[PDB]
Amino acid sequence: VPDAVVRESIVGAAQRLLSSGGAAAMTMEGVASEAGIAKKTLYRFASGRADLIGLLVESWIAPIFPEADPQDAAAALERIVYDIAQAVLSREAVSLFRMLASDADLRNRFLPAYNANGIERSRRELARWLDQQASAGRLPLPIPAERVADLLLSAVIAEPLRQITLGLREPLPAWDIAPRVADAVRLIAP
Amino acid sequence: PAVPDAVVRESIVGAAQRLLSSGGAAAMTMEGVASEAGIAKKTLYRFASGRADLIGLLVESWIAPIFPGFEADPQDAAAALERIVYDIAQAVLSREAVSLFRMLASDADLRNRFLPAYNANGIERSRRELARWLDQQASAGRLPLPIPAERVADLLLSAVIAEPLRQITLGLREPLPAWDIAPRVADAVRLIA
């Protein structure tokens with residue numbers, strides 16, 4: 001059984017447990033049971049619950065990035081940002097955020113993994129992509145790409161995260177974020 | 001006659017905050033606030049009818065002072081915009097403001113009770129005020145915009161503020177003014193102007 005398949009089983013298991021019983025349910029023993037593997041195997045992928053969180057968050061963003069040369073850079077940008085937003089504003093993503101906002105101990109245990117493997121990754125990836133388009137004169141930027149990435153992503157995603165966390169809106173994809181993505185691109189990175 | 005209403009209002013909001021900070025929502029009772037503010041029940045009830053109104057007054061006190069101070073015809077609209085956004089950020093990213101956000105994020109009952117007042121009196125009001133100001137600057141050609149002013153206000157406050165809110169909530173960053181948000185404000189405005 002390939003490692004990638006085992007990793008997928010682990011992430012699915014971790015999410016199922018988080019959703020059914022919160023952090024308390026997402027134990028190493030529980031995940032192994034759910035994933036169909038023994039601890040000796042699980043430990044190759046995760047040493048503890050923080051690592052499970054990192055795997056889970058990574059799974060949401062890893063598939064986003066794998067056109068470095070689109071003809072319509074702005075349209076490509078809209079698609080990338082939309083996909084990032086769908087990944088980090090889903091019910092599962094906002095529930096995890098809410099869990100950490102609500103428990104200092106859980107932040108203490110999981111925040112480094114959560115931060116390292118989430119939006120920060122997407123931000124770095126997007127910065128690289130933006131630099132390429134700027135270089136090709138395809139997408140000129142008035143400030144460094146890393147700043148554009150951060151501000152753009154923040155423009156689109158942050159207020160919605162705030163809203164969903166508070167129940168002012170339901171999680172994506174219940175409402176259409178495409179218009180917001182289009183407006184941000186027009187404003188921040190035309 | 002009596003001193004202006006602003007005097008007692010200030011006492012109420014101070015009291016509400018102290019109680020929130022000392023004992024949570026449960027400490028911020030109407031009787032508690034009246035006692036901490038040093039006012040009669042009948043006086044408090046002129047200003048707030050319940051805990052939700054107290055939260056609304058509190059949130060309003062953070063944002064109310066921002067716009068009276070704002071020139072309609074600035075010599076440098078981009079510079080003025082930076083100042084406005086910075087001021088909104090200081091008001092809504094303070095330790096007290098983030099604590100309140102965190103409280104609501106953490107308790108569904110508290111959201112059910114307080115969200116409407118919180119929402120109506122906070123960032124939503126600042127967004128509306130900022131949209132109005134941006135529309136004025138666009139109409140006057142000082143700050144042209146490619147999309148409607150309301151959209152720019154929303155996107156700009158999201159970019160500059162709602163993202164740090166996430167960070168502070170999580171403890172990734174300390175509340176303002178522990179770190180300097182001016183560079184972020186400047187970068188965001190440069191993308192506009």
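We count residues from 1 along each chain, following the written sequence rather than the entry's numbering, and we skip any residue without coordinates. As they are written, the chains are lettered A onward and the ligands numbered 1 onward, keeping that order. Water and hydrogen atoms were dropped before computing side-chain values, which therefore reflect all heavy atoms in the structure. Residues with missing side-chain atoms are left out of burial classes, side-chain pairs and their counts.

Structure determination for this PDB entry is given in the record as X-ray crystallography, at a resolution of 1.500 Å.

Chain B appears in the PDB entry as Transcriptional regulator, TetR family from Rhodospirillum rubrum ATCC 11170.

Identification of chain A as Transcriptional regulator, TetR family from Rhodospirillum rubrum ATCC 11170 is taken from the PDB entry.

1. With respect to the overall build of chain B
Helix and strand counts for chain B come out as 10 helices and 0 strands. Only DSSP runs of H or I covering at least 4 residues are called helices, and only runs of E covering at least 2 are called strands; the numbering of each starts at the N terminus. Each helix (α) and strand (β) of chain B, taken in turn from the N terminus, gives the series α-α-α-α-α-α-α-α-α-α. The globule rule used here is 2.2 Å times the number of residues to the 0.38 power, and the radius of gyration it is set against is calculated over C-alpha atoms. In terms of overall dimensions, chain B is globule-like: its C-alpha atoms have a radius of gyration of 18 Å, near the 16 Å expected for 193 residues. Projected onto its principal axes, the C-alpha coordinates of chain B cover approximately 50 × 45 × 30 Å. Throughout, a contact is declared for two residues whenever any of their heavy atoms are within 4.5 Å. Contacts in chain B between residues at least 24 apart in sequence constitute 66% of all its contacts with a sequence separation of at least 6.

2. Thoughts on the overall build of chain A
Per the secondary structure count, chain A includes 10 helices and 0 strands. Relative to the compact-globule value of 16 Å for 190 residues, chain A shows a C-alpha radius of gyration of 18 Å, a close match.

3. Looking at helix α6 (residues 91-102) of chain A
Under the convention used throughout, the expected extent of a helix is 1.5 Å for every residue step, that is, one less than its residue count. Look at α6(A): 16 Å from first C-alpha to last across 12 residues, which is about the 16 Å you get at 1.5 Å a residue. Working definition: with a 1.4 Å probe on protein chains only, accessible area under 20% of the residue-type maximum means buried, over 50% means exposed, and in between means partly exposed. Considered for burial, the residues of α6(A) that qualify are A:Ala93, A:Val94, A:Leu96, A:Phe97, A:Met99, A:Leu100 and A:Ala101.

4. Quick notes on the packing of aromatic side chains
In this scheme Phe, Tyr and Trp rings, the latter by its six-membered ring, pair at centre separations within 6.5 Å, and the angle between planes marks the pair as stacked below 30 degrees, edge-to-face above 60, and tilted otherwise. With the rule as written, the count across this model stands at 0 aromatic pairs over all chains. The rule for a charge over a ring is simple: NZ of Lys or CZ of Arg within 6 Å of the ring centre, and within 35 degrees of the ring normal. Geometry around A:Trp175 places A:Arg169 over its ring, the cationic atom sitting 4.4 Å from the centre. Taking the ring centre of B:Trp179 as reference, the NZ or CZ of B:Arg173 above it sits at 4.3 Å.

5. Regarding the UniProt feature "DNA-binding region" (unreviewed entry) in chain B
Under the UniProt annotation, "DNA-binding region" (unreviewed entry) lies at residues 29-48 of chain B. Within the segment residues 29-48 of chain B, helix and strand shares are 75% and 0% respectively, and the terminal C-alpha atoms sit 11 Å apart. UniProt positions are given in the numbering used here, feature names are shortened, and annotations may be inferred rather than shown by experiment.

6. Remarks on the UniProt feature "DNA-binding region" (unreviewed entry) in chain A
As recorded in UniProt, the feature "DNA-binding region" (unreviewed entry) lies at residues 27-46 of chain A. Secondary structure across residues 27-46 of chain A comprises 60% helix and 0% strand; the distance between its end C-alpha atoms is 11 Å.

7. Observations regarding the UniProt feature "domain: HTH tetR-type" (unreviewed entry) in chain B
In the numbering used here, UniProt assigns the feature "domain: HTH tetR-type" (unreviewed entry) to residues 6-66 of chain B. Counting secondary structure, residues 6-66 of chain B comes out at 75% helix and 0% strand; the distance between its end C-alpha atoms is 16 Å.

8. Structural notes on the nonpolar core
Counting 145 residues, the largest nonpolar core has A:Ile10, A:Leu77, B:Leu130 and B:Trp133 as its most contacted members. Looking at this core, the element that brings in the most residues is helix α9 (residues 149-170) of chain B, giving 12 residues. Beyond its immediate chain neighbours, meaning those up to four positions away, B:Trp133 contacts B:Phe67, B:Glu71, B:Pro74, B:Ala77, B:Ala80, B:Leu81, B:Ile84 and B:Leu143. For our purposes a nonpolar core is just a set of buried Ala, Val, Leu, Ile, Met, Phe, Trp, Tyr and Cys residues, chained together by side-chain atoms within 4.5 Å.

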